[PDB]
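Visitor: these are from a larger complex, still in place; more later:
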Amino acid sequence: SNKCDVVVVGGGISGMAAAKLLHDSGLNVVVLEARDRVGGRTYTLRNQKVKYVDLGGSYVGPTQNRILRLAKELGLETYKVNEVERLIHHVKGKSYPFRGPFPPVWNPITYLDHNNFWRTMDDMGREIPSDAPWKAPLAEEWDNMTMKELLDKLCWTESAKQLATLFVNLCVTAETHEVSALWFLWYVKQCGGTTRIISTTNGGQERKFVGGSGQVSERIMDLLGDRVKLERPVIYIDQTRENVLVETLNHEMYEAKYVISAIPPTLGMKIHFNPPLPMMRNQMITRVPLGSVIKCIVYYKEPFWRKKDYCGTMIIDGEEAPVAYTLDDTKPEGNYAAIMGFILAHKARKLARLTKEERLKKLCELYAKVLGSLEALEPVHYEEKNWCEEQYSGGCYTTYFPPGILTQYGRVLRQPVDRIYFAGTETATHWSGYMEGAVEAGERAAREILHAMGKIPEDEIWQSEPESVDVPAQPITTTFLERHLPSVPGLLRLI
């Protein structure tokens, strides 16, 4: 066998960040990656037509200080996603341009309902500990309800319910009826709340990496050299002996003191364990699916939308639209003009049956309608990736928790199993689901091992992160009226 200090299973950002930390501390690490590439749910494609394009995870923003620091160390730079001009909300067949992060409404009743919806998401979040959502005071009540049930209760207008539904679909690539309310509320809260998670300027979608996010994993692979083994899917982990034994599908055996599992939780099912996993993890990893998304990028000769004072962001309500959300994917120089759109949740399943060319046509026709421009019908290039197809991801962006699961099994996610510690963005406590969470979790799991080895104290397992100088966070603010305007039923109680 091939002997080392730590085997890291998975060469996504999380596994790479863990391996780098352990390597930098002087341990001999091996990364076993199932695919013929690193990066996992990040994947940057290069060709002459696009130069580069992120087909997986791409955006970073303020408060994501760990991914920003790691990337900066590896020599990467960011640029801002274009949000100079107006955003579009397309509702009942018409485009309504706006500025600011939240799509506005004019009807007084609908205004109260929208205001109350967003406010309530954050109010509920304040009672959910980031590191232990199952300790929320109403954890059981909220976990035993889907987001569809919660929205049906909260939203007195169809307007609010449709936007709230889009919000859920876009955040977690899942239907409102598929996901626990507790989990979804936790998910938003642990990204810093509604404003932070939905915002381009001053939020999660503010920036992209120049040259693609795949460079994070690639450049850590560059550092580690032949310590990264590609096309080594892990099939078997044996902890019965002195050293942990890790076997791959291509018949290699690795021997280590400890293991980091840096794969999506459910993909633990692809590994046969000796001894068997404890009951709760055994069942947990069958209860935690990933979402469904096709990421689609349509290229144009110019960013023609900008001429009409549109930035390229479209929020598109309703069943008919294949894509509910877009961002300008143009490169910082104004070249490789492009619109990125997501085909979300059930639509990813439905539209997957079409050809690439058929999806292109549907997207272009949608964009022509929403941007009010025939230029949208003249694409120069198209790239897409359906993440539902991936054996070694299970979906994207991340794992969702159906009703009842987080309270019953949530504690299990990062609980060590003998000498196996658990990384992966799903185990993070801040921006779980994102590249930021991947770094947090990888580095925390690495430091758990350093602590197990007696190399650092307990209090250094979790480490704060200085704020990025390049991408500082501005405060999230609310107005007096936003804080104090009644809900619809609140207004009815007064009458």
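Guide: It's in. Residues are numbered from 1 along each chain as shown, chains lettered A, B, ... in the order given.
Visitor: just give the nearest non-adjacent residue to residue A:116, would you?
Guide: Using Cβ to Cβ, 6 or more residues apart in numbering and skipping residues adjacent in sequence, the residue nearest residue A:116 is residue A:487, 3.9 Å away. For every residue, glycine as well, the C-beta is placed using N, CA and C.
Visitor: do I have it right that that neighbour meets residue A:112?
Guide: Yes. In this structure, residue A:487 is within contact of residue A:112 by Cβ atoms under 8 Å, at 6.3 Å.
Visitor: the two: which has the busier surroundings?
Guide: More crowded of residue A:487 and residue A:112, by other Cβ atoms under 10 Å: residue A:112, with 21 against 17.
Visitor: distance of that one relative to residue A:124?
Guide: Distance of residue A:112 to residue A:124, given as Cβ to Cβ, to the nearest Å: 18 Å.
Visitor: per-domain residue ranges of chain A.
Guide: A:1-40+A:62-77+A:210-288+A:402-462, A:41-61+A:78-106+A:199-209+A:289-401, A:107-198 (curated CATH domains).
Visitor: what residues does whichever strand or helix holds residue A:124 touch?
Guide: Taking DSSP states H and E as the definition, residue A:124 sits inside helix A:108-125. Residues outside helix A:108-125 that contact it (Cβ atoms under 8 Å, 6 or more residues apart in numbering): A:102, A:105, A:142, A:151, A:154-157, A:159-160, A:163-164, A:185-186, A:188-189, A:193-194, A:478, A:482-483, A:485-488, A:490-491.
Visitor: over to stretch A:266-278?
Guide: A:9, A:233-240, A:261, A:281-282, A:285-286, A:288-290, A:392-394, A:399, A:417.
Visitor: those, buried ones only, as a ChimeraX selection?
Guide: Selection of buried members from these for ChimeraX, criterion 16 or more other Cβ atoms under 10 Å:
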select /A:9,233,234,237,238,239,261,281,285,288,289,290,392,393,394,399,417
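Visitor: show only the entries of the contacts of stretch A:266-278 found in helices.
Guide: A:281-282 (DSSP state H).
Visitor: can you give me the helices in the stretch 251-400 of chain A?
Guide: Using DSSP state H, counting those that start in this stretch, the helices of the stretch 251-400 of chain A run over A:279-284, A:346-351, A:356-371.
Visitor: export those helices to CSV and append columns for distance to residue A:76.
Guide: Converted to CSV, the helices of the stretch 251-400 of chain A look like this (distance: least, Cβ to Cβ, whole Å):
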stretch, distance to residue A:76
helix A:279-284, 35
helix A:346-351, 29
helix A:356-371, 29
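Visitor: of those helices, which approaches residue A:34 most closely?
Guide: helix A:279-284 (20.2 Å; Cβ to Cβ).
Visitor: and that closest one, what does it pack onto?
Guide: helix A:405-409 (3 or more Cβ pairs under 8 Å, 6 or more residues apart in numbering; DSSP states H and E).
Visitor: could you also fit chain B onto it:
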Amino acid sequence: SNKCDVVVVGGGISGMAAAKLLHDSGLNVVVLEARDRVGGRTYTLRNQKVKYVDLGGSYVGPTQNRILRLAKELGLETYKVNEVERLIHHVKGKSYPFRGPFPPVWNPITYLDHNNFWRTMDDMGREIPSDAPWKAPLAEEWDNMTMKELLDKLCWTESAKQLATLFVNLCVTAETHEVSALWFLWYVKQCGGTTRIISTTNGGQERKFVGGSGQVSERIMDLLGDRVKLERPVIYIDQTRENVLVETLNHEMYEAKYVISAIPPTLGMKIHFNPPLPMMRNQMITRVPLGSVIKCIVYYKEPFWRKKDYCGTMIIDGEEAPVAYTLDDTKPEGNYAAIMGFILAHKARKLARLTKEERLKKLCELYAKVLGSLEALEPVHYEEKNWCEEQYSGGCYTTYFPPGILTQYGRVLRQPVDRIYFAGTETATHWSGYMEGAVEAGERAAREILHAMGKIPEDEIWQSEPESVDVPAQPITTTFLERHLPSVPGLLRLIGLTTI
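Guide: Now chain B, sitting on the chains shown earlier:
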């Protein structure tokens, strides 16, 4: 590589039934079984204290003609579970003995609510095709709510809601908020409806096999000889070449024309596929967990409950009770007196923290109160099995579907993937979740392959089963009043219309 016609992955009842059918048709079959035993979610323990005991699947009954026929052919016999004396419904700390399958109520409003609850489960079920539940007219609406939501809408009394909750917990070893309403309604309907699924006499729990259900898989192994390979967990299936290659964990390669996957759907995740699975199956197998149950058998010197005119059946509502349901597990000879109980759904997780001895004590204390009998505190022996611990089962009894999954992914459950065909009880259309469904699916999958090989016509893939002459099925009937008594809101509507 070890060459054959068909590799069957999994040596449970379904895989063994498939392998037997293929073997009997003259093909060369291999069964690759992960464990050191066959039977899977069936497991018959033998020792001197119990003689034999089913720790997994046990009960068979009328309308389950495939398992009955298979078992009979293998030389097995059944006996009736004891239901001579009164059943007990224990509610709010008190026991109420009764007869008939449904726990009764006296309060007229509660009576209407209970009657409407069961009726409505079956009314909704009649809308749902057994072979295509996603084709129900309101499939999407029903699949997008949990059973909790449905019961909250349907049950106008807490009495009905509590019993309905126990019904779901006991039927599918999952919480009402965990499971799709469409899927649960399908599940009940495809067992023949509420009466059939809940009944001992004339239903699913009528009988057990003399000597244990494990004998079904064991006796098929005896017929197959060395074709069954134990401690061969399958890790890899490669369909890129002319013949399918199937690799095991212990470093063996098998080569076949076709493969039958006879494992729980989610346990397909334990196999690496080349080429990758199609998208819909890739995601489906991460969305279909199994339920949670500890099966617990407490042994006594005598079946003392019978002397108080209790048959041993206890239906126990609420949170505090560790066990919500019991049956008499005494041998047909009248010895090895025993009570079988299930610890269900979240309680299987909660009470797994305890020792075996602590669980025995809590069960005995519960039974002593429910039976009003100090003798329940004097057990002579105890056996149990927590199926949540099993790497190669994932849980018991079966796979449940959370909201939204059956409509989006249900159609690919038994869709072949090139030369892989899908057996397992989960793919059955009649008594899916049960030993019966395991037989149906194994035999159907086997015949799919026979058809692919040009050995039988397409109309022979699905085959009806003659009714058992030993376990005849009484029809499910309703009374006029059961059919036409109003629901609680129906009564309220009548009240508003009268006074107008």
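Visitor: same question on the contacts of stretch A:266-278, but now with chain B added
Guide: Stretch A:266-278 is contacted from outside by A:9, A:233-240, A:261, A:281-282, A:285-286, A:288-290, A:392-394, A:399, A:417, B:233, B:235, B:249, B:266-267, B:269-270, B:272, B:286, B:389-391, using Cβ atoms under 8 Å, 6 or more residues apart in numbering or on different chains.
Visitor: so residue A:262 touches residue A:20, yeah?
Guide: No. The criterion here is Cβ under 8 Å, and residue A:262 misses it with residue A:20 at 11.8 Å.
Visitor: these two: who's more crowded?
Guide: Neighbours per residue (other Cβ atoms under 10 Å in any protein chain shown) separate residue A:262 from residue A:20, with residue A:262 holding more: 32 against 25.
Visitor: neighbours of the residue nearest to that one when sequence neighbours are not counted, how many?
Guide: Excluding its sequence neighbours, the residue lying closest to residue A:262 (Cβ to Cβ, 6 or more residues apart in numbering or on different chains) is residue A:15, at 3.2 Å. Neighbourhood size, residue A:15 [other Cβ under 10 Å]: 32.
Visitor: surely residue A:15 is within a strand?
Guide: No. Counting by DSSP: H, G, I helix; E, B strand; the rest coil, residue A:15 is located in no strand; its state is helix.
Visitor: need the contact list for it.
Guide: Residue A:15 neighbours (Cβ under 8 Å, 6+ apart): A:8-9, A:31, A:33, A:40, A:260, A:262-263, A:423, A:442.
Visitor: let's go with 10 Å and repeat that
Guide: Neighbouring residues of residue A:15 by Cβ atoms under 10 Å, 6 or more residues apart in numbering or on different chains: A:8-9, A:29, A:31-33, A:38, A:40, A:217, A:220, A:228, A:260-263, A:423-424, A:438, A:441-442, A:445-446.
Visitor: repeat that for residue A:282.
Guide: Taking Cβ under 10 Å, 6+ apart, one finds A:268-269, A:273, A:276, A:412, B:388-391, B:393-395 in contact with residue A:282.
Visitor: pick out the most distant pair among those.
Guide: Pairwise across the contacts of residue A:282, and taking Cβ to Cβ, the largest span is found between A:412 and B:393, at 18.2 Å.
Visitor: gap between the closest residue to residue A:156 other than its chain neighbours and chain B?
Guide: If the residues on either side of it in the chain are set aside, residue A:156 comes closest to residue A:488, at 3.9 Å by Cβ to Cβ, 6+ apart. From residue A:488 across to chain B, the span is 22 Å (Cβ to the nearest Cβ, to the nearest Å).
Visitor: residue A:488: how many residues sit nearby?
Guide: 19.
Visitor: am I right that it is in contact with residue A:153?
Guide: No. Assessed by Cβ atoms under 10 Å, residue A:488 is found out of contact with residue A:153, at 11.6 Å.
Visitor: run a quick neighbour tally on residue A:7.
Guide: Residue A:7, neighbours per other Cβ under 10 Å, totals 27.
Visitor: then residue A:381?
Guide: 16.
Visitor: would you confirm that it contacts residue A:49?
Guide: Yes. Counting by Cβ under 10 Å, residue A:381 touches residue A:49, with 4.4 Å between them.
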